[PDB]
Every structure is written in C-alpha cells, then in structure tokens.
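Colleague: Submitted below is the structure of interest, expressed as structure tokens.
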Ligand SMILES: [Mg+2]
Ligand SMILES: [Mg+2]
Ligand SMILES: [Mg+2]
Ligand SMILES: [Mg+2]
Ligand SMILES: [Mg+2]
Ligand SMILES: [Mg+2]
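Chains as they are written, first to last, in the deposited numbering: chain A, -4 to 231; chain A', -4 to 231; chain B, 148 to 156; chain B', 148 to 156. A prime marks a further copy of an entry chain.
See below:
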C-alpha cells in the first residue's frame, strides 16, 4: 500500500489534519494505512476511520442519487432518447461507490472484526459492516441483491445482540446502531413497521436510563435520541 | 489521455451531469478530454471548463489555507514541536494544487489561447491564465515567485487591453476580469491602491453603461458590479 | 433523502 | 478569505 512507509502515528496525525482541511479522501487513505499496520484501533481512531469513509461514501451516494433520478427521468414516456451517457456515468459513480464499500468491508474482514473483543469495538465494527452492506444494497439490482441485504441484516443483528447484552440503553454506539438498523428496515428491507417499532423501543428505553448519566453523557445520548424521534416523525 | 476514446459530445454531456452531481473532479477530467479533442470551445463549453477547474482548485486552496495556518501556528514561540507531518501534508496538498494549475495552464497553452480570435474567447482564456498563475502565486515562496507573479500580471494585462478595446464596460467577462485583476493587485502584487482604483473605475464605467442593456443583461452585469462594491467595502 | 443515520455528513 | 473573485464556489 502507498502508506506502508509512513509511521502509524503520523498517519493518525495526518488523518486529523485532513479532517480539519475537509480532505476526506485523504483522511480515508490515511486511516486505511493506519488500519493496515495491523494493530487494533483506539476509540478515537475508530471514529476517525468511520468519519473518513462516511464522508467519502456520502458524497458518492448523493451523486449516485442525482444521476439515478436523471436516468429514471430519461426512461419515462415521451422522454427524448439521449444515448448511453447517463447510464454510463451513473455506472461509473456506482462502481466507485461499490469499490469504497468493498474497501471498508475488506478492512473489517482483514482483520478488524476478528481482533475486536470488547463490546464497544466489536459493536462499532459490526455496525460499520451493516452500514456498508446497506450502501451496497442501495444500488444493488442483480442476482445477489438479496444476499447483500441479508449480509447487512446479519451484521446489524449480531451488533444488536451484543449491544443489548453488554451496553446500557443510552450508550451512543448502541443508539447509533439502532438508528441505522431502523433505517435499514424502513429503506432496504421494506419493513416500516419493524423500523418504527425498533426506533420507538430504542427511544423509550434510553429515555428511562437518562437519569443515570452525567451532563456530558446526557447530551451525547439525547442528541441521538432526537434523530430517532426525527425518523419517527417522518414515518408516522 | 483516459478520455481519448470518448466522443466530444459525450464528454460535454457528462461534464454537465457531473456538475449536477457536484462531482467537479469528474467534470474537470471530462472537460480536459473535450479540450484535447482539438476543436475550439463554444461559450457554454468555456464556462463548463472554468466552473469545473474553479471548483477543484477552490477545494485545494481552502485546504492549503487551513494547513498553512496550522503550520504557522506550529512555528510560533512556545509551540510544541510535533514533527514533520504538518509541513509534509501541506506540501502534499500544495503539490496537488500546483499540478491542477499546471494542467489548466497547459490546456490554455496547448492550444486554446493561440486559436482564440474573438474577443470573448481570447479575453476569457487570458483571464483564466492570469487566475491560475495567481493561484500558483498564492503558494509560491521560492526563486521564481516574482516570475510567477509577473506571468499572472502579464496575462491579466493583455486581457484588460483587449477587453477595453473590444467589449462594452458592462460585459460580464470584462467585469469579472477586472474584479479578479483587482484582487491580484491587492493580494498578490501588494498594490491595494491599484486594486481600489481599478475596482472603482470599473464599477463607475459599468454604472454609466447600464442604460443600454436589456433586463437580463442588466441583472448579469449588476451581479458582478456588486462583487466589485463588496471588495471596495472590504478595502476602504 | 430525509431519514437520519449516523455518522452524519 | 473575504475577497470576492469569479467564478465563485
Ligand atoms: Mg513504526
Ligand atoms: Mg463515464
Ligand atoms: Mg401498522
Ligand atoms: Mg468524434
Ligand atoms: Mg503527506
Ligand atoms: Mg491612498
């Protein structure tokens, strides 16, 4: 890899600089390099990894949606034929997006997840695995779409099982996992009732645990509870 | 080039799609491919070229400024030594920025400018040449900084001479050229009085020519006059 | 796209 | 950076 000659600590330092400069492709390449050093990631380092790739794939998802909308418009009735270009360029962006998802899933599989023993790391990485299979599922149309969806579901489910056994209901990782799994149910699995039930139950159980928290943890947890409520307002 | 096998019209069509998707690196690569077909660019195509590279280099300039600020902070008194990383990464971004500027200048030199006979195209490309030497000058610190500054000045000056002979004072190209040349004077040439004089005279001469314009051209011209006034308010 | 997930851009 | 040039981002 191109980062093989740089010190792990320097890769982490430059990932943080790239974040400040809003250079998220650089940030992701630095954190990929850090992961490939082979040592486990600290909590702060895990969040750098997630932020970097989330911003990269988020730009690609936004672009793919714009191009997909145009492509569907061009396939309507009375729409003038304009050649293969829209499909070609949507396919180009889609392939780049799938490449980023495969890269993240490859890092989790080699070898972040198998080395993660603590609940906070293991749940974090399994949520990530579910997330990036979900982004693959958003663009999937072929014979393996069902298998991609089930890989997202399976990763989210293992993360949920661990989070419910090992973490309090206000834990931000647990909350963010349930938020995203709920959107998986609504958007990918065509199960809006499961999505609503998960979001409501997650919100209610966190509400009842807030009294145990410090002011700073209370702010951390209520921020994500508000996102659960935002989705519930969207959906009901 | 990687775009050598794609039709000119498809490159233009995909540049417009990339703009809608806010994929400006793609947009720039498509327009580079279109330029390298060797035919002159229409007015709309020239503006696609400018928008694409402006957005690419604008991201790099913003990033370079963030990193340069951090680097200067680390070179202050009492600032803890943190190693070569900040300088290295600022240099990485700076080199990528210079590469983009060199690419644009190479397109103008091979062979956009020498084929541009009409005032609207020739002034557009000479302004671009001045702009991208100006972005090189913003990061220049070595023995050729003076020569880089003079290349920006020379290109802007030839563009100004043609624009004053061949275009009305409200022409948006002429106005945008004077706007940018004025900022060159203020920021690069350390000549704020020249900057102010150019912006005021440009504004006043456009004001007196507005009566000749249609409602749509009036809106086009006054939009850029407002930018001249914004700078004057900054500077006085 | 109006649904909220984490991390956010 | 507060000065205005064209094109703008
Ligand atoms: Mg080492
Ligand atoms: Mg393409
Ligand atoms: Mg129901
Ligand atoms: Mg042809
Ligand atoms: Mg570097
Ligand atoms: Mg004076």
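Just so it is clear, CB atoms sit at the ideal spot from N, CA and C, and this is done for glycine as well.
1) So does residue 84 of chain A' have its beta carbon nearer than 6 Å to some heavy atom of ligand 5?
2) Counting C-beta neighbours from all protein chains within 10 Å, is the total for residue 239 of chain A 16 or more, i.e. buried, or is it exposed?
3) Relative to chain B', which residues along the segment 37 to 68 of chain A' have a C-beta separation below 9 Å, given in chain order?
4) Taking its Cβ as the centre, do 16 or more other Cβ atoms sit within 10 Å of residue 15 of chain A', making it buried, or is it exposed?
5) Taking buried to mean at least 16 other C-beta atoms within 10 Å of its own C-beta, is residue 142 of chain A' buried or exposed?
6) Could you please tell me which residues of the segment 1 to 13 of chain A, in chain order, have their CB closer than 8 Å to any CB of chain A'?
7) Taking the alpha-carbon positions, what's the residue 11 of chain A' to residue 43 of chain A' distance?
8) Over what stretch of residues does the alpha helix (DSSP H) that includes residue 92 of chain A continue unbroken?
9) Hey, out of A:13, A:140, A:111, whose CA is closest to residue 184 of chain A's CA?
10) Would you mind reading off the limits of the alpha helix (DSSP H) that contains residue 77 of chain A?
11) Closer than 7 Å, CB to CB, is residue 80 of chain A near chain A' or not?
12) Using only the heavy atoms of ligand 7, determine whether one of them is closer than 6 Å to the beta carbon of residue 87 of chain A'.
13) Does any heavy atom of ligand 6 sit closer than 6 Å to the C-beta of residue 188 of chain A'?
14) I need the boundaries of the alpha helix (DSSP H) containing residue 41 of chain A', first residue and last residue.
15) For residue 77 of chain A, which residues from the same chain have a beta carbon less than 7 Å from its beta carbon, with the 5 sequence-adjacent residues on both sides left out?
16) For residue 32 of chain A' and residue 3 of chain A, what's the separation of their Cα atoms in angstroms?
17) Quick check on the burial criterion: 16 or more other C-beta atoms within 10 angstroms. Buried or exposed for residue 85 of chain A?
18) Check residue 154 of chain B in the structure and name its three-state DSSP category.
19) From this set, A:165, A:160, A:178, which residue's C-alpha is nearest residue 148 of chain A's C-alpha?
20) Could you give the distance in angstroms between the alpha-carbon of residue 121 of chain A' and the alpha-carbon of residue 93 of chain A'?
21) Are at least three pairs of beta-carbons, each pair with one atom in the segment 23 to 37 of chain A' and one in the segment 205 to 222 of chain A', less than 8 Å apart?
22) Going by beta-carbon coordinates alone, are residue 134 of chain A and residue 89 of chain A separated by less than 7 Å?
23) With 8 Å as the C-beta to C-beta threshold (strictly closer), list the residues of the segment 162 to 186 of chain A' near chain B' in chain order.
24) May I have a chain-ordered list of the alpha helix (DSSP H) segments no shorter than 4 residues that lie completely inside the segment 103 to 161 of chain A'?
25) With hydrogens ignored, establish whether the beta-carbon of residue 2 of chain A' is closer than 6 Å to any heavy atom of ligand 4.
26) When DSSP labels each residue in this structure, what does residue -1 of chain A' get in the three-state scheme?
27) Tell me the rounded alpha-carbon separation between residue 182 of chain A' and residue 171 of chain A'.
28) Helix, strand or coil for residue 216 of chain A' per DSSP?
29) Which same chain residues end up closer than 8 Å to residue 227 of chain A when comparing Cβ atoms and leaving out the 5 residues on each side of it in sequence?
30) Ordered along the chain, which non-local residues of its own chain (more than five positions away) have a Cβ less than 7 Å from that of residue 47 of chain A'?
31) Evaluate residue 268 of chain A with the Cβ neighbour count: other Cβ atoms within 10 Å of its Cβ, from every protein chain shown; 16 or more gives buried, anything less gives exposed.
32) Within 7 Å of any Cβ in chain A', is that where the Cβ of residue 15 of chain A sits?
33) For residue 223 of chain A, name the three-state secondary structure that DSSP assigns.
34) How big is the Cα-Cα spacing for residue 231 of chain A' and residue 58 of chain A'?
Modeller: A quick look at the data gives this:
1) yes
2) As shown, chain A starts at -4 and ends at 231. That puts residue 239 of chain A outside it, with no answer to give.
3) 42, 45, 46, 49, 50, 53, 54, 56, 57, 60
4) exposed
5) exposed
6) 5, 8, 9, 12, 13
7) 8 Å
8) 80 to 102
9) A:140
10) Careful: residue 77 of chain A lies outside any alpha helix (DSSP H) and carries neither H nor E.
11) yes
12) The model depicted lacks ligand 7 and carries ligand 1, ligand 2, ligand 3, ligand 4, ligand 5 and ligand 6 instead.
13) yes
14) 38 to 69
15) 69
16) 44 Å
17) buried
18) coil
19) A:178
20) 18 Å
21) no
22) yes
23) 171, 174, 175, 178, 181, 182
24) 114 to 134, 140 to 161
25) yes
26) coil
27) 16 Å
28) helix
29) 191, 194, 195, 198
30) 10, 19, 22, 23, 26
31) There is no way to answer for residue 268 of chain A, as the model of chain A reaches only from -4 to 231.
32) yes
33) helix
34) 28 Å
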